[PDB]
Amino acid sequence: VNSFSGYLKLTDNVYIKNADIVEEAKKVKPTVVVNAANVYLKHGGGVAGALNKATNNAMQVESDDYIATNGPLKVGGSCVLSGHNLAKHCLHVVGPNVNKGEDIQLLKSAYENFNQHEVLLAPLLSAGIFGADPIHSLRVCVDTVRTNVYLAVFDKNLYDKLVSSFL
Ligand SMILES: O=C(O)c1cccc2c1OCO2
């Protein structure tokens, strides 16, 4: 049993809810929240800007030190950093950004990072301002992630379309 409430069950391991991932993280304090990161960990907008704002920019300060030491992530890659006030840990995952021309096949590699964690609160990778089709992102998630993933979908309209169209 875990703390997640109000989710619709899609599969054995994937759950979905219409929710602001920031408000959800603040309520649940999950072990792992996933950030929709870029390779520079520049948390300007979308999910990353919202998560970082909720940490009062502490996420960005920590991220800048990580990049100064390690250099940029790979598209499809990840790193584990602090969850600050939102979670124990933040798994920063880089899905391909279609609005930069990145290979959508890298979305499966991105979701494979989730399998290193037993339970996660996450957004749909490469959705929103990363430009991918969220229906596709949900299918890759279901077909890739084997650990227990609680997906937060901010837009109610999109949430209802994802549920209604789910195979
Ligand atoms: O997927 C998004 O575009 C998004 C952007 C910001 C915050 C969020 C989101 O979904 C969960 O909560």
# chains A, B, ... in the order shown; residues from 1 in each chain; ligands from 1
call {"tool": "closest_atom_pairs", "arguments": {"of": "chain A", "to": "ligand 1", "cutoff": "6 Å", "atoms": "only C-alpha atoms and all ligand atoms", "output": "JSON lines"}}
result
{"residue": "A:20", "atom": "CA", "partner": "ligand 1", "partner_atom_place_in_ligand_line": "12 (O)", "distance": 4.1}
{"residue": "A:21", "atom": "CA", "partner": "ligand 1", "partner_atom_place_in_ligand_line": "12 (O)", "distance": 4.0}
{"residue": "A:46", "atom": "CA", "partner": "ligand 1", "partner_atom_place_in_ligand_line": "5 (C)", "distance": 4.5}
{"residue": "A:47", "atom": "CA", "partner": "ligand 1", "partner_atom_place_in_ligand_line": "6 (C)", "distance": 3.6}
{"residue": "A:123", "atom": "CA", "partner": "ligand 1", "partner_atom_place_in_ligand_line": "11 (C)", "distance": 5.0}
{"residue": "A:124", "atom": "CA", "partner": "ligand 1", "partner_atom_place_in_ligand_line": "1 (O)", "distance": 5.8}
{"residue": "A:127", "atom": "CA", "partner": "ligand 1", "partner_atom_place_in_ligand_line": "1 (O)", "distance": 5.5}
{"residue": "A:128", "atom": "CA", "partner": "ligand 1", "partner_atom_place_in_ligand_line": "3 (O)", "distance": 3.6}
{"residue": "A:152", "atom": "CA", "partner": "ligand 1", "partner_atom_place_in_ligand_line": "11 (C)", "distance": 4.5}
{"residue": "A:153", "atom": "CA", "partner": "ligand 1", "partner_atom_place_in_ligand_line": "10 (O)", "distance": 4.1}
{"residue": "A:154", "atom": "CA", "partner": "ligand 1", "partner_atom_place_in_ligand_line": "10 (O)", "distance": 4.0}
call {"tool": "write_last_selection", "arguments": {"atoms": "N, CA and C atoms", "output": "compact mmCIF listing (two decimals), in the first residue's frame"}}
result
# COMPACT_ATOMS: atom_id res chain seq x y z
N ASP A 20 -1.69 18.69 -10.78
CA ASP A 20 -0.46 19.51 -10.81
C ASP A 20 0.59 18.72 -10.05
N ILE A 21 1.63 18.27 -10.76
CA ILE A 21 2.71 17.46 -10.14
C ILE A 21 3.35 18.18 -8.96
N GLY A 46 7.71 24.83 -18.22
CA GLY A 46 7.06 23.52 -18.18
C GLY A 46 7.10 22.94 -16.79
N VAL A 47 7.15 21.63 -16.72
CA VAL A 47 7.24 20.94 -15.43
C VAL A 47 8.50 21.41 -14.68
N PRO A 123 5.67 13.10 -14.66
CA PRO A 123 4.91 13.61 -15.78
C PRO A 123 5.11 12.70 -16.98
N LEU A 124 4.30 12.90 -18.00
CA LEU A 124 4.54 12.26 -19.28
C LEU A 124 5.76 12.84 -19.98
N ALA A 127 6.16 15.36 -23.29
CA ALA A 127 4.89 16.05 -23.52
C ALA A 127 5.06 17.54 -23.23
N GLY A 128 3.94 18.26 -23.33
CA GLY A 128 3.96 19.71 -23.07
C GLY A 128 4.91 20.38 -24.01
N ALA A 152 1.08 12.26 -13.32
CA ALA A 152 0.28 13.49 -13.10
C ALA A 152 0.18 14.21 -14.44
N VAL A 153 -1.04 14.46 -14.86
CA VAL A 153 -1.33 15.18 -16.11
C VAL A 153 -2.03 16.48 -15.74
N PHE A 154 -1.35 17.59 -15.98
CA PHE A 154 -1.84 18.91 -15.52
C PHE A 154 -3.15 19.32 -16.21
call {"tool": "select_by_dssp", "arguments": {"residues": "segment 20-141 of chain A", "states": "helix (DSSP H, G or I)", "output": "ChimeraX atom specification"}}
result
/A:21-28,46-54,58-70,98-100,106-116,128-130,134-141
call {"tool": "residues_around", "arguments": {"residues": "residue 117 of chain A", "least_positions_apart": "4", "cutoff": "10 Å", "atoms": "only C-alpha atoms", "output": "list in words"}}
result
residues 31, 32, 91, 113, 145, 146, 147, 148 and 149 of chain A
call {"tool": "write_last_selection", "arguments": {"atoms": "N, CA, C and O atoms", "output": "tab-separated table (two decimals), in the first residue's frame"}}
result
chain	number	residue	atom	x	y	z
A	31	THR	N	9.04	9.26	-2.50
A	31	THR	CA	10.47	8.93	-2.51
A	31	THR	C	11.13	9.57	-3.74
A	31	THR	O	12.25	10.10	-3.62
A	32	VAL	N	10.48	9.49	-4.90
A	32	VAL	CA	11.01	9.99	-6.19
A	32	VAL	C	9.94	10.81	-6.91
A	32	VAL	O	8.87	10.27	-7.22
A	91	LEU	N	14.44	12.59	-9.75
A	91	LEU	CA	15.06	11.96	-10.91
A	91	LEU	C	14.85	12.88	-12.10
A	91	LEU	O	13.73	13.03	-12.61
A	113	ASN	N	14.93	4.83	-17.50
A	113	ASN	CA	15.48	5.32	-16.24
A	113	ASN	C	14.53	5.07	-15.08
A	113	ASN	O	14.94	4.93	-13.95
A	145	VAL	N	8.09	1.01	-18.75
A	145	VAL	CA	8.26	1.08	-17.30
A	145	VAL	C	7.62	-0.16	-16.69
A	145	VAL	O	6.44	-0.48	-17.00
A	146	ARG	N	8.36	-0.84	-15.87
A	146	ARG	CA	7.90	-2.04	-15.13
A	146	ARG	C	7.72	-1.74	-13.66
A	146	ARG	O	7.00	-2.52	-12.95
A	147	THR	N	8.29	-0.66	-13.12
A	147	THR	CA	8.10	-0.26	-11.74
A	147	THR	C	6.81	0.55	-11.63
A	147	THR	O	6.11	0.76	-12.63
A	148	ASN	N	6.45	0.89	-10.43
A	148	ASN	CA	5.12	1.52	-10.22
A	148	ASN	C	5.20	3.02	-10.42
A	148	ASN	O	5.88	3.74	-9.66
A	149	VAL	N	4.49	3.49	-11.40
A	149	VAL	CA	4.56	4.91	-11.82
A	149	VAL	C	3.18	5.54	-11.71
A	149	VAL	O	2.17	4.96	-12.21
call {"tool": "atom_distance", "arguments": {"atom1": "atom CA of residue 136 of chain A", "atom2": "atom CA of residue 76 of chain A"}}
result
15.9 Å
call {"tool": "atom_distance", "arguments": {"atom1": "atom CA of residue 98 of chain A", "atom2": "atom CA of residue 129 of chain A"}}
result
8.9 Å
call {"tool": "closest_residue", "arguments": {"among": "A:141, A:87, A:34, A:41", "to": "residue 63 of chain A", "atoms": "only C-alpha atoms"}}
result
A:41
call {"tool": "residues_around", "arguments": {"residues": "segment 158-166 of chain A", "least_positions_apart": "3", "cutoff": "9 Å", "atoms": "only C-alpha atoms", "output": "ChimeraX atom specification"}}
result
/A:8,10,16-18,134-135,138-139,152-155
call {"tool": "write_last_selection", "arguments": {"atoms": "N, CA and C atoms", "output": "mmCIF file, in the first residue's frame"}}
result
data_model
loop_
_atom_site.group_PDB
_atom_site.id
_atom_site.type_symbol
_atom_site.label_atom_id
_atom_site.label_comp_id
_atom_site.auth_asym_id
_atom_site.auth_seq_id
_atom_site.Cartn_x
_atom_site.Cartn_y
_atom_site.Cartn_z
ATOM 1 N N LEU A 8 -6.480 6.708 -11.488
ATOM 2 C CA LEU A 8 -7.117 5.656 -12.301
ATOM 3 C C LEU A 8 -6.002 4.657 -12.601
ATOM 4 N N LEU A 10 -4.265 2.117 -14.989
ATOM 5 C CA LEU A 10 -4.261 1.791 -16.423
ATOM 6 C C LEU A 10 -3.796 0.363 -16.649
ATOM 7 N N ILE A 16 -2.741 6.926 -13.345
ATOM 8 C CA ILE A 16 -2.804 8.299 -13.939
ATOM 9 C C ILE A 16 -3.813 9.148 -13.190
ATOM 10 N N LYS A 17 -3.551 10.436 -13.089
ATOM 11 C CA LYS A 17 -4.453 11.386 -12.410
ATOM 12 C C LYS A 17 -4.347 12.756 -13.070
ATOM 13 N N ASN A 18 -5.436 13.507 -13.142
ATOM 14 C CA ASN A 18 -5.400 14.947 -13.493
ATOM 15 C C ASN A 18 -4.957 15.702 -12.268
ATOM 16 N N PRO A 134 1.384 13.386 -26.451
ATOM 17 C CA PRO A 134 1.235 12.755 -25.138
ATOM 18 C C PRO A 134 0.609 11.356 -25.178
ATOM 19 N N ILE A 135 -0.224 11.067 -26.194
ATOM 20 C CA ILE A 135 -0.808 9.718 -26.331
ATOM 21 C C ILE A 135 0.329 8.729 -26.572
ATOM 22 N N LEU A 138 2.395 8.202 -23.347
ATOM 23 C CA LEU A 138 1.746 7.245 -22.431
ATOM 24 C C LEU A 138 1.925 5.814 -22.946
ATOM 25 N N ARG A 139 1.826 5.554 -24.240
ATOM 26 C CA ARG A 139 1.996 4.180 -24.729
ATOM 27 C C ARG A 139 3.429 3.720 -24.436
ATOM 28 N N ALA A 152 1.077 12.261 -13.317
ATOM 29 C CA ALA A 152 0.275 13.488 -13.101
ATOM 30 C C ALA A 152 0.184 14.212 -14.436
ATOM 31 N N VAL A 153 -1.039 14.462 -14.860
ATOM 32 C CA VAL A 153 -1.333 15.182 -16.113
ATOM 33 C C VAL A 153 -2.033 16.481 -15.735
ATOM 34 N N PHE A 154 -1.345 17.593 -15.985
ATOM 35 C CA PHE A 154 -1.840 18.912 -15.517
ATOM 36 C C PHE A 154 -3.148 19.319 -16.209
ATOM 37 N N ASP A 155 -3.222 19.184 -17.532
ATOM 38 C CA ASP A 155 -4.419 19.596 -18.311
ATOM 39 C C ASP A 155 -5.548 18.563 -18.216
#
call {"tool": "closest_residue", "arguments": {"among": "A:1, A:56, A:75, A:96", "to": "residue 131 of chain A", "atoms": "only C-alpha atoms"}}
result
A:96
call {"tool": "atom_distance", "arguments": {"atom1": "atom CA of residue 77 of chain A", "atom2": "atom CA of residue 62 of chain A"}}
result
17.9 Å
call {"tool": "select_by_dssp", "arguments": {"residues": "segment 64-124 of chain A", "states": "strand (DSSP E)", "output": "VMD selection string"}}
result
chain A and resid 78 to 82 89 to 93 119 to 122
call {"tool": "write_last_selection", "arguments": {"atoms": "N, CA, C and O atoms", "output": "short mmCIF file (atom, residue, chain, number, x, y, z; two decimals), in the first residue's frame"}}
result
data_model
loop_
_atom_site.label_atom_id
_atom_site.label_comp_id
_atom_site.auth_asym_id
_atom_site.auth_seq_id
_atom_site.Cartn_x
_atom_site.Cartn_y
_atom_site.Cartn_z
N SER A 78 19.58 10.54 -17.41
CA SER A 78 19.02 11.02 -16.14
C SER A 78 20.10 11.22 -15.10
O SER A 78 21.22 10.66 -15.23
N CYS A 79 19.76 11.91 -14.05
CA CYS A 79 20.56 11.93 -12.81
C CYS A 79 19.64 12.05 -11.64
O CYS A 79 18.53 12.57 -11.78
N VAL A 80 20.08 11.55 -10.51
CA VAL A 80 19.36 11.65 -9.23
C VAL A 80 19.91 12.79 -8.42
O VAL A 80 21.14 12.79 -8.13
N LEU A 81 19.09 13.74 -8.05
CA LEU A 81 19.49 14.85 -7.17
C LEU A 81 18.49 14.95 -6.04
O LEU A 81 17.57 14.11 -5.94
N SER A 82 18.65 15.94 -5.20
CA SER A 82 17.71 16.13 -4.09
C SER A 82 16.30 16.39 -4.58
O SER A 82 16.08 17.07 -5.57
N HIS A 89 13.97 12.42 -3.35
CA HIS A 89 14.87 12.52 -4.50
C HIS A 89 14.08 13.11 -5.65
O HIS A 89 12.89 12.83 -5.84
N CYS A 90 14.82 13.78 -6.56
CA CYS A 90 14.31 14.14 -7.91
C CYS A 90 15.12 13.39 -8.94
O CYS A 90 16.37 13.53 -8.96
N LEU A 91 14.44 12.59 -9.75
CA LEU A 91 15.06 11.96 -10.91
C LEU A 91 14.85 12.88 -12.10
O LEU A 91 13.73 13.03 -12.61
N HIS A 92 15.92 13.56 -12.50
CA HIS A 92 15.88 14.46 -13.67
C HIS A 92 16.05 13.62 -14.92
O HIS A 92 17.13 13.00 -15.07
N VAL A 93 15.04 13.51 -15.75
CA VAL A 93 15.06 12.66 -16.94
C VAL A 93 14.92 13.53 -18.16
O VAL A 93 14.01 14.35 -18.22
N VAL A 119 9.06 3.00 -7.07
CA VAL A 119 7.84 3.84 -7.15
C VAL A 119 8.24 5.26 -7.53
O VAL A 119 9.17 5.81 -6.94
N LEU A 120 7.48 5.89 -8.40
CA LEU A 120 7.79 7.27 -8.85
C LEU A 120 6.50 8.03 -9.07
O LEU A 120 5.52 7.46 -9.62
N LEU A 121 6.53 9.31 -8.80
CA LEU A 121 5.56 10.31 -9.27
C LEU A 121 6.17 10.99 -10.48
O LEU A 121 7.32 11.48 -10.39
N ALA A 122 5.50 11.07 -11.60
CA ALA A 122 6.13 11.51 -12.87
C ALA A 122 5.14 12.25 -13.73
O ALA A 122 3.95 11.96 -13.73
#
call {"tool": "residues_around", "arguments": {"residues": "residue 60 of chain A", "least_positions_apart": "6", "cutoff": "8 Å", "atoms": "only C-alpha atoms", "output": "PyMOL selection string"}}
result
chain A and resi 41-43+52
